[PDB]
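Engineer: This structure is in structure tokens; I'll ask about it shortly.
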Amino acid sequence: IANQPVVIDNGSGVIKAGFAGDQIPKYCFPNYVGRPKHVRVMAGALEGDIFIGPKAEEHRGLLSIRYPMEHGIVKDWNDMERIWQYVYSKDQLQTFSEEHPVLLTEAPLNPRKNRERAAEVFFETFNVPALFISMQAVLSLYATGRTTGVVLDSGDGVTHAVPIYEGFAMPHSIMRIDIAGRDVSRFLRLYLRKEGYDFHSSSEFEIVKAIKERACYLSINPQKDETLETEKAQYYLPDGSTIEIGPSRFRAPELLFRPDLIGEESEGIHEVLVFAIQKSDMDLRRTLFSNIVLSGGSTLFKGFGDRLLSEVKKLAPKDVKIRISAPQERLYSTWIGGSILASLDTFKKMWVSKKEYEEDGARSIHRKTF
Amino acid sequence: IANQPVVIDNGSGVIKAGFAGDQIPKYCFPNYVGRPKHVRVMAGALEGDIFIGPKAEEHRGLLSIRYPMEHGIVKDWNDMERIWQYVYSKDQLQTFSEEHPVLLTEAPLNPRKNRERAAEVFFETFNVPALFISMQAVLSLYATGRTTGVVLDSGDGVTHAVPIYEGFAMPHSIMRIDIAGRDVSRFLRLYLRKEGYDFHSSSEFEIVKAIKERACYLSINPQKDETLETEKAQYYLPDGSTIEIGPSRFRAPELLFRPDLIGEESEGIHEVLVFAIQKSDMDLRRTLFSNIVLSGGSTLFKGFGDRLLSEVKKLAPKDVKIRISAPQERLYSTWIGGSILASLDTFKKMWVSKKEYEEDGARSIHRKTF
Amino acid sequence: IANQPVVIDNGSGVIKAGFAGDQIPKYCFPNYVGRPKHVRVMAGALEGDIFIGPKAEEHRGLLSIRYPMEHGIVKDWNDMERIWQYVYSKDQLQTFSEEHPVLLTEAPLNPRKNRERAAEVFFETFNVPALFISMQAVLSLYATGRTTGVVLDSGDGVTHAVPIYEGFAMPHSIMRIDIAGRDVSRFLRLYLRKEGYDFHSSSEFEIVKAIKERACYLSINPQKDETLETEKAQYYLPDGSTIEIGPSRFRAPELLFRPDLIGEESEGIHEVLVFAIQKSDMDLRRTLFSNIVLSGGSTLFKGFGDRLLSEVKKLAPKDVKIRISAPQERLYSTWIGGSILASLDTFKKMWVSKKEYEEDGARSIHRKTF
Amino acid sequence: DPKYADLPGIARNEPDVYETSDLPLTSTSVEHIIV
Ligand SMILES: Nc1ncnc2c1ncn2[C@@H]1O[C@H](COP(=O)(O)OP(=O)(O)O)[C@@H](O)[C@H]1O
Ligand SMILES: Nc1ncnc2c1ncn2[C@@H]1O[C@H](COP(=O)(O)OP(=O)(O)O)[C@@H](O)[C@H]1O
Ligand SMILES: Nc1ncnc2c1ncn2[C@@H]1O[C@H](COP(=O)(O)OP(=O)(O)O)[C@@H](O)[C@H]1O
């Protein structure tokens, strides 16, 4: 029976999971995989060697945590099933795959081997009878209510500026250059290497990401604020020590708009989005110039969208209505948008049923996902 | 075997002995290895010619007392055999090696050769079916109930903090050090010569050890209490001969924190503990700050842990709440914890079947002693 | 002012010295920073009582040796101060920085305060007319005559491959790794305590490293040769003490590719080299397959390059011709390539005048190093 | 605690726990306009 469907947002840095109808995915944790470091000899430790959530956050430097979804490329399939199982566990779902429908998420340009591989999971290992998987940008559109908007997500290593029109993302205009703050924080670790600090452990790097999400912003003036002398704000170490910040809090995110700092032939999100704009109807661009759909977790900086506004001003001509539509519960905005989509009743068709998967599998999906 | 499992309290200075389930180690005695310094030409004297027990613990200068555990590392083997024969003495055991499960404890990073010697003993001379050789700080964790903790042992020539976390194998993080009150008391014999006290015997050294265990402590203020002058309280010999104590009572144990008084470069093991802290991780460091264990006989001094508290306060950064835990039964903590582990069903898999283990060589439990 | 240019090999493992045009580094000595372990009372000891040079090179166990170059990064600048004072010793040079063009080298990615601090010394205490702090793999490019190439380096606690092409700005593809023989020999001290060899001093560590450089080979098969039966080569100490080895002689350099032995999370510098290959491009990759350079004094091993070549083959792609050019004197070759560059007079652009350093310093460093 | 009274390696006046002291913005629609 089509029970309460589960909206599972597979965000790059943080995966989200919760039943539809709800407003908060009660079962969330970041997108990682945590295996231990040492060998517990005495008891009093946990068992399973795959510790997620409070165990992971608890045993941070005790676990040699890793990350499966690498710019939308996940490879820990079996452990992914165990992650879902961790959600399927008494901790988070307490239910079965067969019992409740599943609303899973996606990103563009994904290899159908991996997509159908996930279908093998939820139809063979797990046995979801009502599983539908789709983009997260449309979910953000449900949240904003806008239908003709250019959605760009901001995760940890995923940034796809997708221009959508009335719920129809033009594939010829869809832009997917999934790379974000992952290497920015890695380059900040390089700053720390140029400061004498290594964060080669993921948990060691998790603290870097915590301060990254915490003590960082977007200095709208790039070289002006870059050439000025920073103050090197002493930020507390988690043990109780304290270390400076420097330009890094704004100097490292300059790489987002200036990909050449890492040495990458890219153009900066704004220009990529302008390229997406170029591949459309001229009149619709003016709407999209004002239909600035912000999304993703990395859209949490001071002067973030305003520096982006300056980028647009350097890109868009005069008498162009520019209008940022920033959300607030960004990653959950897509999750709640999925709660809206999963609540639909016409929605029962294109989801691959279990028998539908038994029919062809691959082409049944190909035709039902397209 | 379905009998009471023997818990060897292989103490460095004081090597006690006992079983499992009991809360008192059966017999307590040190590393004394006596043999008479004279010849009983007169018939009617006492036999043995090797003395372990009240025979030596009653007459000392008559016997050439020896100590082979060179900082725990025993060099005698034949004498150890006889000691273990004495372990099966009439007052001591009147049992068999075959008749009882036996559990051995060891310091970390000991030579495999010693374990080979033990295998020769308990597998050729003795024939323990259920013989396992283990560590020593894990025992203290059993007694304290903790799983996470900095266990500082206190032997006669062996002291080192053991930072544990749920039995996790952290040999690089965990630090072993073999030095304690042996040469401190011998250094006090140097003080004796600098104060006119012609003493050269190990028995005399034991009397000094009675002062060590009795009239000695750790002055939290090093030179503030060292540069002053005490009244030199008087100690009485076995005859009752009055001998002043002096400032030495706190001056000599400062070598434990100031190893360069003997000239050997070291830190004062609390700083080695800080090195272990460095090897650990920031918030996990805080757990171990809150989790410090003090075992071993040499921990017993006035302001001992308090002086070390002040040391780390002069070492650890601000807002660093540290907590120690010094059980009254320091040496017994290891013994009772060994009783705890020896009283376990899982513990049956720790050792290897006796005869096959002999055929397995030693590398098998060498790999299984972790 | 164009006198003979000083060739300052900034040898972390072994520092070297001399001028340009000299086909052999005149002065060569390691990171040792000593002053007596004991205290002399009667005259007869040498004068200065902080000794570096022949006095230290003849009195190991007498001077308290220390090292400021934590991973080749000096922290005690005071040590370098006295070292540079010793640079003009009556045995050494007896000249002025003012009297000479000076050239410095640097392993990349060091914190800016290091070379800034050094330049402060050489332009404040010392007063160099024109100087520059070059890199270190270019030296090897001169020694090979190549322009395209992967250059491995080896100090004492620093080892990394440097993929180059005609001196081009490829810092992302270019790597840096700070780990080498320092802790490998410290791990050898660990082996010593593992089997009862009582060794803990720095001079004792020097002896250990001498035998390490002497009695340590590299078996090509890792576990196939690691699980064999060892002969335990009885090394007779320089004093004459017979000391066996075990498989430890080749086990310790495996840590350089098996960082998990010490518990470090790394890959093996060859894998990082493969990552650099990935960071390069298919056409340029083949060049690097053909162009590999091993340098640094720590690279000196028995069965060294053959094993590492085999490991690369284990990780190399389909039949791509792996080729490693090699300098016979990896220690010399560096200083000599620096001697070449110092004797290269195109350095006019590449130097930094004193006045310029006074005006900018850091800006002059970056703008002249980029 | 008789077991904690019997053996001699059980000292007293021990406050075992030696310690230290203890003396203790998501925005929406950040738009613009250009006309
Ligand atoms: N305050 C913040 N600053 C920077 N990045 C953030 C912040 N909050 C979340 N993120 C980024 O978003 C990631 C999680 O978002 P994710 O669900 O991956 O978004 P998306 O669905 O856009 O990929 C985190 O790993 C982090 O990198
Ligand atoms: N009251 C005391 N004060 C100080 N030291 C003591 C006291 N009682 C016993 N000891 C010490 O205990 C040590 C005996 O070594 P032991 O603790 O048996 O080794 P291990 O720690 O390996 O068991 C000796 O240093 C002895 O001085
Ligand atoms: N046979 C050997 N095995 C290992 N290390 C060696 C050997 N011979 C010399 N060394 C090492 O030479 C190193 C010197 O490195 P060097 O070439 O001076 O690099 P750097 O210039 O970066 O210090 C020292 O670290 C010392 O350990």
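Chains: A, B, ... in order of the structure tokens. Residues: from 1 per chain. Ligands: from 1, in order shown.
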Would you pick out the contacts of range 14-28 of chain B at 7 Å or less, using only C-alpha atoms, so that residues sharing its chain but fewer than 5 positions from it are not included, and give the list as an MDAnalysis selection string?
Structural biologist: (chainID B and resid 4:9 335:336 339:340 342:343) or (chainID D and resid 3)
Engineer: Only C-alpha atoms, please: the residues just picked out, written as a PDB file, in the first residue's frame.
Structural biologist:
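Final output, saved to out02.pdb:
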ATOM      1  CA  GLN B   4      39.107 -20.493  39.566  1.00  0.00           C
ATOM      2  CA  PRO B   5      41.275 -18.630  37.052  1.00  0.00           C
ATOM      3  CA  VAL B   6      44.609 -17.444  38.411  1.00  0.00           C
ATOM      4  CA  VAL B   7      45.285 -13.727  38.037  1.00  0.00           C
ATOM      5  CA  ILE B   8      49.030 -13.128  38.069  1.00  0.00           C
ATOM      6  CA  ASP B   9      49.675  -9.740  39.588  1.00  0.00           C
ATOM      7  CA  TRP B 335      44.586  -7.255  40.142  1.00  0.00           C
ATOM      8  CA  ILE B 336      40.819  -6.908  40.578  1.00  0.00           C
ATOM      9  CA  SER B 339      39.877 -10.882  38.161  1.00  0.00           C
ATOM     10  CA  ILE B 340      37.090  -9.199  36.197  1.00  0.00           C
ATOM     11  CA  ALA B 342      39.473 -13.590  33.932  1.00  0.00           C
ATOM     12  CA  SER B 343      35.855 -13.968  35.021  1.00  0.00           C
TER      13      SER B 343
ATOM     14  CA  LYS D   3      38.571  -5.062  51.263  1.00  0.00           C
TER      15      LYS D   3
END
Engineer: Identify every residue of chain A that has at least one atom within 9 Å of any atom of chain C, counting only C-alpha atoms, and report the result as a list in words.
Structural biologist: residues 37, 38, 64, 190, 191, 192, 193, 194, 195, 196, 200, 201, 262 and 263 of chain A
Engineer: Write out as a ChimeraX atom specification which residues come within 7 Å of range 18-29 of chain D when counting only C-alpha atoms, dropping same-chain ones fewer than 2 positions away.
Structural biologist: /A:300,324-328 /B:305-306,321-325 /D:15-16,31
Engineer: If you run DSSP on the backbone, which residues of range 76-175 of chain B are strand (DSSP E or B), as an mmCIF file with C-alpha atoms, in the first residue's frame?
Structural biologist:
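Written file, out_3.cif:
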data_model
loop_
_atom_site.group_PDB
_atom_site.id
_atom_site.type_symbol
_atom_site.label_atom_id
_atom_site.label_comp_id
_atom_site.auth_asym_id
_atom_site.auth_seq_id
_atom_site.Cartn_x
_atom_site.Cartn_y
_atom_site.Cartn_z
ATOM 1 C CA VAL B 102 46.126 -18.573 34.605
ATOM 2 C CA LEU B 103 46.222 -14.976 33.389
ATOM 3 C CA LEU B 104 49.419 -12.998 32.963
ATOM 4 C CA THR B 105 49.714 -9.220 32.716
ATOM 5 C CA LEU B 131 47.064 -19.356 29.896
ATOM 6 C CA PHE B 132 46.740 -15.836 28.598
ATOM 7 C CA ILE B 133 49.203 -12.969 28.805
ATOM 8 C CA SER B 134 47.792 -9.474 28.752
ATOM 9 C CA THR B 148 38.177 5.715 28.061
ATOM 10 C CA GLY B 149 41.053 6.907 30.184
ATOM 11 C CA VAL B 150 44.628 7.930 30.877
ATOM 12 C CA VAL B 151 46.023 5.157 33.061
ATOM 13 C CA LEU B 152 49.232 6.091 34.835
ATOM 14 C CA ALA B 161 50.465 7.096 31.452
ATOM 15 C CA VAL B 162 48.308 4.872 29.264
ATOM 16 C CA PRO B 163 45.714 6.973 27.401
ATOM 17 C CA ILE B 164 42.976 4.518 26.527
ATOM 18 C CA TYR B 165 39.657 4.936 24.786
ATOM 19 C CA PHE B 168 41.157 1.082 20.958
#
Engineer: Any residue with an atom at most 6 Å from ligand 2 counts, using only C-alpha atoms and all ligand atoms. Which are they? Put them as a PDB file with N, CA and C atoms, in the first residue's frame.
Structural biologist:
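Listing of pocket.pdb after writing:
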ATOM      1  N   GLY B  11      53.526  -7.494  39.183  1.00  0.00           N
ATOM      2  CA  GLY B  11      53.923  -6.138  39.458  1.00  0.00           C
ATOM      3  C   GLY B  11      55.410  -5.995  39.241  1.00  0.00           C
ATOM      4  N   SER B  12      55.815  -4.803  38.791  1.00  0.00           N
ATOM      5  CA  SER B  12      57.226  -4.537  38.542  1.00  0.00           C
ATOM      6  C   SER B  12      58.013  -4.643  39.829  1.00  0.00           C
ATOM      7  N   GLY B  13      57.725  -3.762  40.769  1.00  0.00           N
ATOM      8  CA  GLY B  13      58.429  -3.845  42.017  1.00  0.00           C
ATOM      9  C   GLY B  13      57.795  -4.919  42.862  1.00  0.00           C
ATOM     10  N   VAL B  14      56.514  -4.772  43.160  1.00  0.00           N
ATOM     11  CA  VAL B  14      55.801  -5.724  43.997  1.00  0.00           C
ATOM     12  C   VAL B  14      54.956  -6.621  43.109  1.00  0.00           C
ATOM     13  N   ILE B  15      55.425  -7.841  42.889  1.00  0.00           N
ATOM     14  CA  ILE B  15      54.705  -8.804  42.072  1.00  0.00           C
ATOM     15  C   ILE B  15      53.803  -9.642  42.981  1.00  0.00           C
ATOM     16  N   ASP B 153      50.559   4.141  35.406  1.00  0.00           N
ATOM     17  CA  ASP B 153      51.017   3.090  36.298  1.00  0.00           C
ATOM     18  C   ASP B 153      52.111   3.637  37.198  1.00  0.00           C
ATOM     19  N   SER B 154      52.358   2.946  38.300  1.00  0.00           N
ATOM     20  CA  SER B 154      53.403   3.402  39.207  1.00  0.00           C
ATOM     21  C   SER B 154      54.118   2.219  39.847  1.00  0.00           C
ATOM     22  N   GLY B 155      55.162   1.770  39.178  1.00  0.00           N
ATOM     23  CA  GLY B 155      55.959   0.669  39.648  1.00  0.00           C
ATOM     24  C   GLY B 155      57.172   1.124  40.409  1.00  0.00           C
ATOM     25  N   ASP B 156      58.161   0.241  40.481  1.00  0.00           N
ATOM     26  CA  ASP B 156      59.379   0.628  41.172  1.00  0.00           C
ATOM     27  C   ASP B 156      60.383   1.238  40.225  1.00  0.00           C
ATOM     28  N   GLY B 181      60.627   5.161  41.142  1.00  0.00           N
ATOM     29  CA  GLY B 181      61.273   5.271  42.439  1.00  0.00           C
ATOM     30  C   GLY B 181      62.477   4.440  42.821  1.00  0.00           C
ATOM     31  N   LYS B 209      63.197   2.311  51.201  1.00  0.00           N
ATOM     32  CA  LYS B 209      61.927   2.203  50.514  1.00  0.00           C
ATOM     33  C   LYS B 209      60.785   2.296  51.494  1.00  0.00           C
ATOM     34  N   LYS B 212      60.505   5.747  51.748  1.00  0.00           N
ATOM     35  CA  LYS B 212      59.969   6.198  50.468  1.00  0.00           C
ATOM     36  C   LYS B 212      58.463   6.074  50.438  1.00  0.00           C
ATOM     37  N   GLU B 213      57.980   4.884  50.736  1.00  0.00           N
ATOM     38  CA  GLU B 213      56.560   4.643  50.776  1.00  0.00           C
ATOM     39  C   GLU B 213      55.938   5.345  51.964  1.00  0.00           C
ATOM     40  N   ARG B 214      56.726   5.561  53.012  1.00  0.00           N
ATOM     41  CA  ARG B 214      56.217   6.193  54.212  1.00  0.00           C
ATOM     42  C   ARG B 214      56.476   7.683  54.394  1.00  0.00           C
ATOM     43  N   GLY B 296      49.194   1.833  40.359  1.00  0.00           N
ATOM     44  CA  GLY B 296      50.553   1.574  40.757  1.00  0.00           C
ATOM     45  C   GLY B 296      50.841   2.112  42.146  1.00  0.00           C
ATOM     46  N   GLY B 297      51.712   1.392  42.854  1.00  0.00           N
ATOM     47  CA  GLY B 297      52.041   1.760  44.219  1.00  0.00           C
ATOM     48  C   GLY B 297      52.728   3.097  44.377  1.00  0.00           C
ATOM     49  N   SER B 298      53.616   3.452  43.451  1.00  0.00           N
ATOM     50  CA  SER B 298      54.362   4.702  43.556  1.00  0.00           C
ATOM     51  C   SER B 298      53.523   5.972  43.402  1.00  0.00           C
ATOM     52  N   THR B 299      52.220   5.851  43.178  1.00  0.00           N
ATOM     53  CA  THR B 299      51.368   7.024  43.116  1.00  0.00           C
ATOM     54  C   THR B 299      51.101   7.608  44.487  1.00  0.00           C
ATOM     55  N   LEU B 300      51.308   6.819  45.527  1.00  0.00           N
ATOM     56  CA  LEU B 300      51.002   7.214  46.887  1.00  0.00           C
ATOM     57  C   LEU B 300      51.930   8.236  47.511  1.00  0.00           C
ATOM     58  N   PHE B 301      51.612   9.515  47.326  1.00  0.00           N
ATOM     59  CA  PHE B 301      52.383  10.605  47.905  1.00  0.00           C
ATOM     60  C   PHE B 301      51.447  11.770  48.163  1.00  0.00           C
ATOM     61  N   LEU B 331      47.399  -0.820  42.953  1.00  0.00           N
ATOM     62  CA  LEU B 331      47.930  -2.082  42.461  1.00  0.00           C
ATOM     63  C   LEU B 331      46.850  -3.136  42.405  1.00  0.00           C
TER      64      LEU B 331
ATOM     65  N   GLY D   9      48.329  -1.381  50.685  1.00  0.00           N
ATOM     66  CA  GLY D   9      48.429  -0.480  49.549  1.00  0.00           C
ATOM     67  C   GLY D   9      47.134   0.254  49.264  1.00  0.00           C
TER      68      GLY D   9
END
Engineer: What is the Cα root-mean-square deviation, to one decimal place in Å, for chain A superposed on chain B with all Cα atoms matched in order?
Structural biologist: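 That comparison of chain B with chain A gives 1.1 Å.
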Engineer: Can you tell me, as an MDAnalysis selection string, what residues are no more than 7 Å from residue 268 in chain A when counting only C-alpha atoms, ignoring any on the same chain fewer than 6 positions away?
Structural biologist: chainID A and resid 256:259
Engineer: Could you check how far CA of residue 143 in chain A sits from CA of residue 303 in chain A, in Å to one decimal?
Structural biologist: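 Rounded to one decimal, the two atoms are 23.2 Å apart.
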